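See structure below.
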Amino acid sequence: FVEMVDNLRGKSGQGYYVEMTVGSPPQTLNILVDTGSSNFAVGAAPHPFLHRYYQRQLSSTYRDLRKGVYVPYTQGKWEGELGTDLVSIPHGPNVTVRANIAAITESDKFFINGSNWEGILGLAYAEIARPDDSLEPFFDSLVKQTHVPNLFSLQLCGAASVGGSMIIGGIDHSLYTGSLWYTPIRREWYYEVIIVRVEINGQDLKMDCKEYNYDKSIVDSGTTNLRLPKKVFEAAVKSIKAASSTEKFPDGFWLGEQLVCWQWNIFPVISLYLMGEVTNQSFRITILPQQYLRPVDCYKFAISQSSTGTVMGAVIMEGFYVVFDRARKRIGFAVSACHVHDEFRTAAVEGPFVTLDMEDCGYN
Ligand SMILES: CC(C)(C)COc1ccc2c(c1)[C@]1(COC(N)=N1)c1cc(-c3cncnc3)ccc1O2
């Protein structure tokens with residue numbers, strides 16, 4: 001899988017993207033990798049932010065599905081025309097598949113001014129696809145039409161340019177150290193998982209664990225921050241405040257509404273315990289402040305409250321090598337060979353632990 005190593009690029013806080021080709025002859029586009037949506041959607045018109053876009057008129061393999069699609073999400077929207085065409089990933093497996101493609105013809109707050117990507121690859125499941133679950137997502141199409149195994153994995157390496165690896169169809173053992181630990185995918189829509197316990201510098205928050213997954217917890221490469229449900233964020237902040245009370249900071253800062261500036265150890269490690277593979281067994285992943293204090297001297301608090309549930313975004317994923325094992329309905333975590341650490345503290349994946357009543361932590 002060596003040709004796939006380092007196939008991801010990006011700029012700080014504008015996501016990670018992979019090179020793809022669409023149409024015949026192939027048209028090259030940079031596409032955002034998003035495990036929190038399920039559509040393959042590409043710029044199709046000369047929006048001024050775009051370096052390039054899908055020109056359906058140049059493709060002999062393009063086919064129109066004669067149907068529109070409308071996608072508002074919390075922070076913007078896109079709209080487009082559905083079709084299919086031949087798709088491939090140059091620094092991915094050596095295969096060409098016919099996939100659904102949303103030709104984006106109108107958007108708001110979707111494309112980023114200054115960014116070097118022109119589309120979005122939704123790697124989540126059919127259920128949250130638009131307009132409905134019959135629009136087969138890319139990865140489903142990929143697996144159905146080839147012998148590429150039903151899994152992919154992500155090493156998001158962070159820092160300004162970021163880099164990483166999307167290993168399609170397998171696992172590359174050089175990208176991680178120690179053992180992979182697997183949490184079950186509770187349901188195949190988003191990559192939903194269950195958090196059963198939360199610790200700040202070893203101190204259990206002691207909240208009903210139902211709170212950690214109200215109304216869900218997901219693993220999402222298209223979100224920068226670790227996002228925590230309101231009640232839990234509050235409780236978590238209060239403990240980061242207490243733990244880090246060596247210095248003081250404004251209330252805006254904790255809300256991610258102002259920065260703080262200097263010219264690490266005052267801040268606690270954060271630990272999430274995830275449901276394991278066996279009854280009454282968990283494991284924990286541990287991240288550093290290096291992961292949740294983001295460079296904007298100046299820094300942003302990369303943890304924020306949420307109304308949609310826990311989102312394990314880039315802040316979490318940059319610590320680890322993450323295996324989206326769709327074949328076995330599970331997600332694996334291991335310490336990333338590329339993650340950024342002190343020579344004191346370190347990102348960690350440790351287990352097994354004993355946790356009772358893990359099923360009660362899920363929300364219905
Ligand atoms: C329909 C649905 C399932 C409710 C969600 O559909 C969606 C539809 C469109 C869409 C998303 C979700 C997002 C928003 O969050 C994620 N994961 N992708 C997203 C994130 C980014 C982005 C990532 N990283 C840094 N900066 C920006 C850019 C565009 C973008 O567009």
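Identifiers in the structure tokens: chain A, B, ... in order shown; residue index from 1 per chain; ligand index from 1 in order shown.
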
Do a neighbour search on residue 188 in chain A at 12 Å with only C-alpha atoms, toss out local chain neighbours closer than 5 positions, and write the hits as an mmCIF file with N, CA and C atoms, in the first residue's frame.
data_model
loop_
_atom_site.group_PDB
_atom_site.id
_atom_site.type_symbol
_atom_site.label_atom_id
_atom_site.label_comp_id
_atom_site.auth_asym_id
_atom_site.auth_seq_id
_atom_site.Cartn_x
_atom_site.Cartn_y
_atom_site.Cartn_z
ATOM 1 N N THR A 35 -15.757 11.691 6.466
ATOM 2 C CA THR A 35 -16.430 10.513 7.014
ATOM 3 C C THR A 35 -17.728 10.871 7.744
ATOM 4 N N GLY A 36 -18.164 12.121 7.623
ATOM 5 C CA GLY A 36 -19.409 12.577 8.246
ATOM 6 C C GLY A 36 -20.521 12.948 7.275
ATOM 7 N N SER A 37 -20.350 12.592 6.008
ATOM 8 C CA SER A 37 -21.408 12.704 5.011
ATOM 9 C C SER A 37 -21.244 11.552 4.021
ATOM 10 N N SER A 38 -22.186 11.426 3.084
ATOM 11 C CA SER A 38 -22.238 10.253 2.206
ATOM 12 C C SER A 38 -22.458 10.554 0.725
ATOM 13 N N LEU A 123 -17.790 9.513 2.810
ATOM 14 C CA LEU A 123 -17.417 8.104 3.021
ATOM 15 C C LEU A 123 -18.297 7.389 4.030
ATOM 16 N N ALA A 124 -19.309 8.079 4.568
ATOM 17 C CA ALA A 124 -20.299 7.483 5.476
ATOM 18 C C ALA A 124 -21.367 6.691 4.689
ATOM 19 N N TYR A 125 -22.404 6.200 5.371
ATOM 20 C CA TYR A 125 -23.301 5.203 4.746
ATOM 21 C C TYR A 125 -24.524 5.784 4.034
ATOM 22 N N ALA A 126 -25.146 4.929 3.232
ATOM 23 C CA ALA A 126 -26.299 5.273 2.399
ATOM 24 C C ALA A 126 -27.428 6.005 3.128
ATOM 25 N N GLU A 127 -27.688 5.647 4.379
ATOM 26 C CA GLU A 127 -28.829 6.187 5.122
ATOM 27 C C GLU A 127 -28.872 7.724 5.208
ATOM 28 N N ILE A 128 -27.714 8.375 5.187
ATOM 29 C CA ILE A 128 -27.668 9.830 5.312
ATOM 30 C C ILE A 128 -27.289 10.471 3.975
ATOM 31 N N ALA A 129 -27.218 9.659 2.923
ATOM 32 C CA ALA A 129 -27.040 10.150 1.554
ATOM 33 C C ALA A 129 -28.232 11.009 1.151
ATOM 34 N N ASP A 133 -31.597 7.084 0.603
ATOM 35 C CA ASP A 133 -30.637 5.997 0.771
ATOM 36 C C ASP A 133 -30.440 5.111 -0.457
ATOM 37 N N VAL A 193 -20.332 5.582 17.230
ATOM 38 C CA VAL A 193 -19.678 4.773 18.238
ATOM 39 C C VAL A 193 -20.208 5.191 19.605
ATOM 40 N N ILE A 218 -19.919 10.412 16.963
ATOM 41 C CA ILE A 218 -19.494 9.981 15.639
ATOM 42 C C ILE A 218 -18.013 10.269 15.432
ATOM 43 N N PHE A 324 -11.494 2.285 9.528
ATOM 44 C CA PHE A 324 -12.921 2.225 9.312
ATOM 45 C C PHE A 324 -13.196 0.853 8.701
ATOM 46 N N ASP A 325 -13.378 -0.129 9.580
ATOM 47 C CA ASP A 325 -13.538 -1.527 9.182
ATOM 48 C C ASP A 325 -15.006 -1.797 8.952
ATOM 49 N N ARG A 326 -15.464 -1.429 7.765
ATOM 50 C CA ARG A 326 -16.872 -1.561 7.401
ATOM 51 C C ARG A 326 -17.282 -3.036 7.338
ATOM 52 N N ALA A 327 -16.400 -3.871 6.804
ATOM 53 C CA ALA A 327 -16.628 -5.324 6.733
ATOM 54 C C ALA A 327 -17.061 -5.913 8.077
ATOM 55 N N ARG A 328 -16.406 -5.513 9.162
ATOM 56 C CA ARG A 328 -16.745 -6.049 10.484
ATOM 57 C C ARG A 328 -17.459 -5.065 11.414
ATOM 58 N N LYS A 329 -18.023 -3.986 10.855
ATOM 59 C CA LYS A 329 -18.804 -2.998 11.622
ATOM 60 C C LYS A 329 -18.048 -2.495 12.844
ATOM 61 N N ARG A 330 -16.816 -2.058 12.652
ATOM 62 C CA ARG A 330 -16.021 -1.601 13.793
ATOM 63 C C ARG A 330 -15.031 -0.574 13.344
ATOM 64 N N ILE A 331 -14.562 0.215 14.291
ATOM 65 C CA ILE A 331 -13.558 1.214 14.019
ATOM 66 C C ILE A 331 -12.403 0.961 14.961
#

Write out as a VMD selection string the residues lying within 8 Å of residue 274 in chain A, counting only C-alpha atoms and excluding same-chain residues fewer than 2 positions away. chain A and resid 183 193 to 197 272 276 282 to 285

Output N, CA, C and O atoms of each residue in that selection to a file, as a PDB file, in the first residue's frame.
ATOM      1  N   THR A 183     -13.657  -0.387  18.390  1.00  0.00           N
ATOM      2  CA  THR A 183     -14.955  -0.083  18.984  1.00  0.00           C
ATOM      3  C   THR A 183     -16.022  -0.381  17.934  1.00  0.00           C
ATOM      4  O   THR A 183     -15.789  -0.154  16.751  1.00  0.00           O
ATOM      5  N   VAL A 193     -20.332   5.582  17.230  1.00  0.00           N
ATOM      6  CA  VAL A 193     -19.678   4.773  18.238  1.00  0.00           C
ATOM      7  C   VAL A 193     -20.208   5.191  19.605  1.00  0.00           C
ATOM      8  O   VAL A 193     -20.966   6.160  19.705  1.00  0.00           O
ATOM      9  N   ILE A 194     -19.824   4.479  20.656  1.00  0.00           N
ATOM     10  CA  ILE A 194     -20.282   4.819  21.996  1.00  0.00           C
ATOM     11  C   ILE A 194     -19.125   5.080  22.942  1.00  0.00           C
ATOM     12  O   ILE A 194     -18.254   4.229  23.111  1.00  0.00           O
ATOM     13  N   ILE A 195     -19.142   6.262  23.557  1.00  0.00           N
ATOM     14  CA  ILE A 195     -18.189   6.645  24.594  1.00  0.00           C
ATOM     15  C   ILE A 195     -18.756   6.279  25.959  1.00  0.00           C
ATOM     16  O   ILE A 195     -19.861   6.703  26.320  1.00  0.00           O
ATOM     17  N   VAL A 196     -18.006   5.488  26.719  1.00  0.00           N
ATOM     18  CA  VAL A 196     -18.516   4.954  27.971  1.00  0.00           C
ATOM     19  C   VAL A 196     -17.917   5.614  29.217  1.00  0.00           C
ATOM     20  O   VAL A 196     -18.389   5.380  30.323  1.00  0.00           O
ATOM     21  N   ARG A 197     -16.907   6.458  29.044  1.00  0.00           N
ATOM     22  CA  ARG A 197     -16.261   7.090  30.179  1.00  0.00           C
ATOM     23  C   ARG A 197     -15.315   8.158  29.679  1.00  0.00           C
ATOM     24  O   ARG A 197     -14.689   7.987  28.632  1.00  0.00           O
ATOM     25  N   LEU A 272     -10.863   9.386  26.437  1.00  0.00           N
ATOM     26  CA  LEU A 272     -12.187   8.874  26.130  1.00  0.00           C
ATOM     27  C   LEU A 272     -12.109   7.360  26.170  1.00  0.00           C
ATOM     28  O   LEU A 272     -11.223   6.769  25.553  1.00  0.00           O
ATOM     29  N   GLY A 276     -15.701  -1.601  23.919  1.00  0.00           N
ATOM     30  CA  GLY A 276     -14.835  -2.593  23.296  1.00  0.00           C
ATOM     31  C   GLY A 276     -15.600  -3.608  22.488  1.00  0.00           C
ATOM     32  O   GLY A 276     -16.802  -3.448  22.230  1.00  0.00           O
ATOM     33  N   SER A 282     -13.785  -2.272  27.829  1.00  0.00           N
ATOM     34  CA  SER A 282     -13.522  -1.034  27.085  1.00  0.00           C
ATOM     35  C   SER A 282     -12.040  -0.858  26.758  1.00  0.00           C
ATOM     36  O   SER A 282     -11.202  -1.722  27.068  1.00  0.00           O
ATOM     37  N   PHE A 283     -11.738   0.239  26.069  1.00  0.00           N
ATOM     38  CA  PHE A 283     -10.378   0.748  25.952  1.00  0.00           C
ATOM     39  C   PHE A 283     -10.434   2.256  25.953  1.00  0.00           C
ATOM     40  O   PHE A 283     -11.497   2.845  25.784  1.00  0.00           O
ATOM     41  N   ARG A 284      -9.301   2.899  26.167  1.00  0.00           N
ATOM     42  CA  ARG A 284      -9.298   4.342  26.141  1.00  0.00           C
ATOM     43  C   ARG A 284      -8.309   4.900  25.148  1.00  0.00           C
ATOM     44  O   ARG A 284      -7.246   4.335  24.917  1.00  0.00           O
ATOM     45  N   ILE A 285      -8.695   6.015  24.547  1.00  0.00           N
ATOM     46  CA  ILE A 285      -7.771   6.806  23.765  1.00  0.00           C
ATOM     47  C   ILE A 285      -7.464   8.101  24.538  1.00  0.00           C
ATOM     48  O   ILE A 285      -8.344   8.673  25.172  1.00  0.00           O
TER      49      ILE A 285
END

Name the residues of range 39-288 of chain A that come out as strand (DSSP E) in a backbone DSSP run; write them as a ChimeraX atom specification. /A:40-43,63-73,76-88,97-108,119-122,152-156,161-168,176-184,192-193,195-200,203-204,217-219,226-229,260-261,270-275,281-287

DSSP on the backbone: what in range 129-346 of chain A comes out alpha helix (DSSP H), as a compact mmCIF listing (two decimals) with C-alpha atoms, in the first residue's frame?
# COMPACT_ATOMS: atom_id res chain seq x y z
CA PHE A 138 -18.97 6.15 -3.62
CA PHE A 139 -17.34 3.59 -1.36
CA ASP A 140 -20.28 1.20 -1.65
CA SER A 141 -19.95 1.53 -5.43
CA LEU A 142 -16.20 0.96 -5.18
CA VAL A 143 -16.53 -2.27 -3.21
CA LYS A 144 -19.46 -3.65 -5.24
CA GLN A 145 -17.66 -3.23 -8.60
CA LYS A 230 -23.62 20.86 25.99
CA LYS A 231 -23.90 19.30 29.44
CA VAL A 232 -20.63 17.36 28.99
CA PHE A 233 -18.72 20.28 27.46
CA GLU A 234 -19.72 22.37 30.47
CA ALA A 235 -18.58 19.67 32.90
CA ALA A 236 -15.35 19.16 30.88
CA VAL A 237 -14.45 22.87 30.70
CA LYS A 238 -15.02 23.19 34.45
CA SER A 239 -12.39 20.45 35.02
CA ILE A 240 -9.91 21.81 32.43
CA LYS A 241 -10.42 25.19 34.17
CA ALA A 242 -9.72 23.67 37.60
CA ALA A 243 -6.80 21.53 36.37
CA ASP A 251 -15.06 33.18 29.09
CA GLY A 252 -15.06 33.95 25.34
CA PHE A 253 -11.91 31.78 24.99
CA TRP A 254 -13.62 28.62 26.29
CA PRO A 289 -3.16 19.70 24.58
CA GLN A 290 -0.97 19.69 21.45
CA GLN A 291 -4.09 18.23 19.82
CA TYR A 292 -6.78 20.50 21.34
CA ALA A 314 -9.47 16.23 13.53
CA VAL A 315 -8.45 17.08 17.14
CA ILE A 316 -9.01 13.44 18.06
CA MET A 317 -8.07 11.82 14.75

Near-residue 288 in chain A list (8 Å; only C-alpha atoms; drop same-chain fewer than 5 positions) as JSON, numbers by chain: {"A": [268, 269, 270, 341, 345, 346, 347]}

Could I get the residue neighbourhood of ligand 1 at 7 Å, counting only C-alpha atoms and all ligand atoms, as a list in words? residues 13, 14, 15, 34, 35, 36, 37, 38, 71, 72, 73, 75, 77, 78, 110, 111, 120, 128, 129, 130, 220, 221, 222, 223 and 224 of chain A

Any chance you can output those residues with N, CA, C and O atoms as an mmCIF file, in the first residue's frame?
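This is the output file selection.cif:
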data_model
loop_
_atom_site.group_PDB
_atom_site.id
_atom_site.type_symbol
_atom_site.label_atom_id
_atom_site.label_comp_id
_atom_site.auth_asym_id
_atom_site.auth_seq_id
_atom_site.Cartn_x
_atom_site.Cartn_y
_atom_site.Cartn_z
ATOM 1 N N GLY A 13 -7.105 23.772 9.192
ATOM 2 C CA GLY A 13 -8.505 24.090 9.473
ATOM 3 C C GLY A 13 -9.442 24.110 8.280
ATOM 4 O O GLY A 13 -10.625 24.387 8.457
ATOM 5 N N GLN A 14 -8.936 23.784 7.084
ATOM 6 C CA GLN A 14 -9.749 23.702 5.868
ATOM 7 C C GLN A 14 -9.877 22.266 5.356
ATOM 8 O O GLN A 14 -10.150 22.051 4.178
ATOM 9 N N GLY A 15 -9.664 21.282 6.231
ATOM 10 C CA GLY A 15 -9.887 19.870 5.888
ATOM 11 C C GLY A 15 -8.760 19.208 5.116
ATOM 12 O O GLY A 15 -7.791 19.861 4.736
ATOM 13 N N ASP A 34 -14.387 13.145 3.795
ATOM 14 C CA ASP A 34 -15.375 13.433 4.823
ATOM 15 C C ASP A 34 -16.106 12.175 5.287
ATOM 16 O O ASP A 34 -17.012 11.675 4.604
ATOM 17 N N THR A 35 -15.757 11.691 6.466
ATOM 18 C CA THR A 35 -16.430 10.513 7.014
ATOM 19 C C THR A 35 -17.728 10.871 7.744
ATOM 20 O O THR A 35 -18.337 10.010 8.379
ATOM 21 N N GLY A 36 -18.164 12.121 7.623
ATOM 22 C CA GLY A 36 -19.409 12.577 8.246
ATOM 23 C C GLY A 36 -20.521 12.948 7.275
ATOM 24 O O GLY A 36 -21.518 13.551 7.675
ATOM 25 N N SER A 37 -20.350 12.592 6.008
ATOM 26 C CA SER A 37 -21.408 12.704 5.011
ATOM 27 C C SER A 37 -21.244 11.552 4.021
ATOM 28 O O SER A 37 -20.272 10.801 4.101
ATOM 29 N N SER A 38 -22.186 11.426 3.084
ATOM 30 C CA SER A 38 -22.238 10.253 2.206
ATOM 31 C C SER A 38 -22.458 10.554 0.725
ATOM 32 O O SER A 38 -22.761 9.654 -0.039
ATOM 33 N N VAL A 71 -28.946 20.134 -0.513
ATOM 34 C CA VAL A 71 -28.304 19.714 0.726
ATOM 35 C C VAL A 71 -27.904 20.896 1.604
ATOM 36 O O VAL A 71 -26.802 21.415 1.497
ATOM 37 N N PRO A 72 -28.812 21.314 2.493
ATOM 38 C CA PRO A 72 -28.433 22.213 3.568
ATOM 39 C C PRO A 72 -27.866 21.425 4.750
ATOM 40 O O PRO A 72 -28.368 20.364 5.070
ATOM 41 N N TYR A 73 -26.795 21.931 5.345
ATOM 42 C CA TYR A 73 -26.201 21.365 6.552
ATOM 43 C C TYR A 73 -26.013 22.519 7.535
ATOM 44 O O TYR A 73 -26.394 23.654 7.223
ATOM 45 N N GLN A 75 -23.684 24.452 8.648
ATOM 46 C CA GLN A 75 -22.820 25.604 8.396
ATOM 47 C C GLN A 75 -22.828 26.098 6.934
ATOM 48 O O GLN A 75 -22.042 26.972 6.578
ATOM 49 N N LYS A 77 -24.745 25.300 2.585
ATOM 50 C CA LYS A 77 -25.529 24.428 1.723
ATOM 51 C C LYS A 77 -24.925 24.250 0.335
ATOM 52 O O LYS A 77 -24.199 25.109 -0.151
ATOM 53 N N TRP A 78 -25.222 23.116 -0.289
ATOM 54 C CA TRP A 78 -24.973 22.954 -1.711
ATOM 55 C C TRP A 78 -26.130 22.308 -2.422
ATOM 56 O O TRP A 78 -26.963 21.625 -1.823
ATOM 57 N N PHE A 110 -19.940 26.792 1.357
ATOM 58 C CA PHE A 110 -19.492 25.446 1.142
ATOM 59 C C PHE A 110 -18.037 25.495 0.747
ATOM 60 O O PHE A 110 -17.182 24.955 1.455
ATOM 61 N N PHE A 111 -17.747 26.162 -0.365
ATOM 62 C CA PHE A 111 -16.364 26.293 -0.828
ATOM 63 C C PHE A 111 -15.657 27.327 0.023
ATOM 64 O O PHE A 111 -16.271 28.289 0.474
ATOM 65 N N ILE A 120 -16.349 17.089 -2.406
ATOM 66 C CA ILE A 120 -16.455 16.416 -1.117
ATOM 67 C C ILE A 120 -16.707 14.953 -1.401
ATOM 68 O O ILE A 120 -17.527 14.632 -2.269
ATOM 69 N N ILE A 128 -27.714 8.375 5.187
ATOM 70 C CA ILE A 128 -27.668 9.830 5.312
ATOM 71 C C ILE A 128 -27.289 10.471 3.975
ATOM 72 O O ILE A 128 -27.091 11.673 3.903
ATOM 73 N N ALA A 129 -27.218 9.659 2.923
ATOM 74 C CA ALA A 129 -27.040 10.150 1.554
ATOM 75 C C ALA A 129 -28.232 11.009 1.151
ATOM 76 O O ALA A 129 -29.344 10.815 1.651
ATOM 77 N N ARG A 130 -28.005 11.970 0.266
ATOM 78 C CA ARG A 130 -29.106 12.757 -0.284
ATOM 79 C C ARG A 130 -29.236 12.466 -1.774
ATOM 80 O O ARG A 130 -28.222 12.266 -2.449
ATOM 81 N N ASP A 220 -15.547 11.704 12.635
ATOM 82 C CA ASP A 220 -15.801 12.612 11.500
ATOM 83 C C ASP A 220 -14.553 13.359 11.056
ATOM 84 O O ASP A 220 -14.147 14.309 11.689
ATOM 85 N N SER A 221 -13.973 12.955 9.934
ATOM 86 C CA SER A 221 -12.802 13.630 9.407
ATOM 87 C C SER A 221 -13.101 15.015 8.824
ATOM 88 O O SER A 221 -12.186 15.778 8.585
ATOM 89 N N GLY A 222 -14.366 15.321 8.562
ATOM 90 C CA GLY A 222 -14.755 16.645 8.073
ATOM 91 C C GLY A 222 -15.091 17.681 9.135
ATOM 92 O O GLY A 222 -15.705 18.689 8.820
ATOM 93 N N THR A 223 -14.693 17.441 10.385
ATOM 94 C CA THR A 223 -14.876 18.404 11.481
ATOM 95 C C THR A 223 -13.529 18.605 12.133
ATOM 96 O O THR A 223 -12.850 17.647 12.454
ATOM 97 N N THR A 224 -13.146 19.858 12.322
ATOM 98 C CA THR A 224 -11.861 20.196 12.901
ATOM 99 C C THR A 224 -11.813 19.875 14.392
ATOM 100 O O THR A 224 -10.827 19.313 14.881
#

Neighbours of residue 16 in chain A within 10 Å (only C-alpha atoms; same-chain residues fewer than 6 positions away dropped), as a PyMOL selection string? chain A and resi 7-10+30-34+116-117+156-158+161-166+221-222+314

Contacts of residue 322 in chain A at 10 Å (only C-alpha atoms; same-chain gap of 3+ positions) as number ranges by chain: A: 152-156, 166, 171, 175-176, 180-182, 219, 317-319, 325, 331-336

Can I get the selected residues back with C-alpha atoms, as a tab-separated table (two decimals), in the first residue's frame?
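Result saved to result-v2.tsv:
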chain	number	residue	atom	x	y	z
A	152	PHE	CA	-10.31	2.16	4.52
A	153	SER	CA	-8.15	3.89	7.06
A	154	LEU	CA	-6.92	7.39	7.79
A	155	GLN	CA	-3.71	8.85	9.19
A	156	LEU	CA	-4.33	12.55	9.61
A	166	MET	CA	-5.95	7.45	3.15
A	171	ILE	CA	-4.15	-1.16	6.62
A	175	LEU	CA	1.53	4.31	9.97
A	176	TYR	CA	1.01	3.14	13.59
A	180	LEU	CA	-5.20	-1.45	17.09
A	181	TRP	CA	-8.21	-1.40	19.46
A	182	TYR	CA	-11.66	-1.69	17.95
A	219	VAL	CA	-16.05	9.83	14.08
A	317	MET	CA	-8.07	11.82	14.75
A	318	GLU	CA	-4.68	13.54	14.42
A	319	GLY	CA	-3.50	11.59	17.48
A	325	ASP	CA	-13.54	-1.53	9.18
A	331	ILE	CA	-13.56	1.21	14.02
A	332	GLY	CA	-10.00	0.71	15.12
A	333	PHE	CA	-7.67	3.10	16.87
A	334	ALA	CA	-3.90	2.97	17.27
A	335	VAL	CA	-1.23	5.48	18.22
A	336	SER	CA	-0.20	7.26	15.02

Determine, counting only C-alpha atoms, which protein, DNA and RNA residues have an atom within 8 Å of an atom of residue 103 in chain A; residues of the same chain fewer than 4 positions away are not included. Present the result as a list in words.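 Everything that qualifies: residues 41, 42, 43, 44, 54, 80, 81, 82 and 83 of chain A.
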
Applying 12 Å and only C-alpha atoms, which residues near residue 364 in chain A remain after dropping the ones on its own chain fewer than 6 positions away? List them as a VMD selection string. chain A and resid 186 to 187 210 to 211 213 to 216

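In terms of minimum interatomic distance to residue 350 in chain A, A:271 ranks closest within A:279, A:271, A:261, A:50, counting only C-alpha atoms.
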
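We find CA of residue 3 in chain A and CA of residue 177 in chain A to be spaced 20.0 Å apart.
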
Between CA of residue 358 in chain A and CA of residue 281 in chain A, what is the distance in Å, rounded to a tenth? 8.6 Å

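You can rank A:267, A:91, A:136, A:60 by their closest distance to residue 201 in chain A using only C-alpha atoms, and at the top of that list sits A:267.
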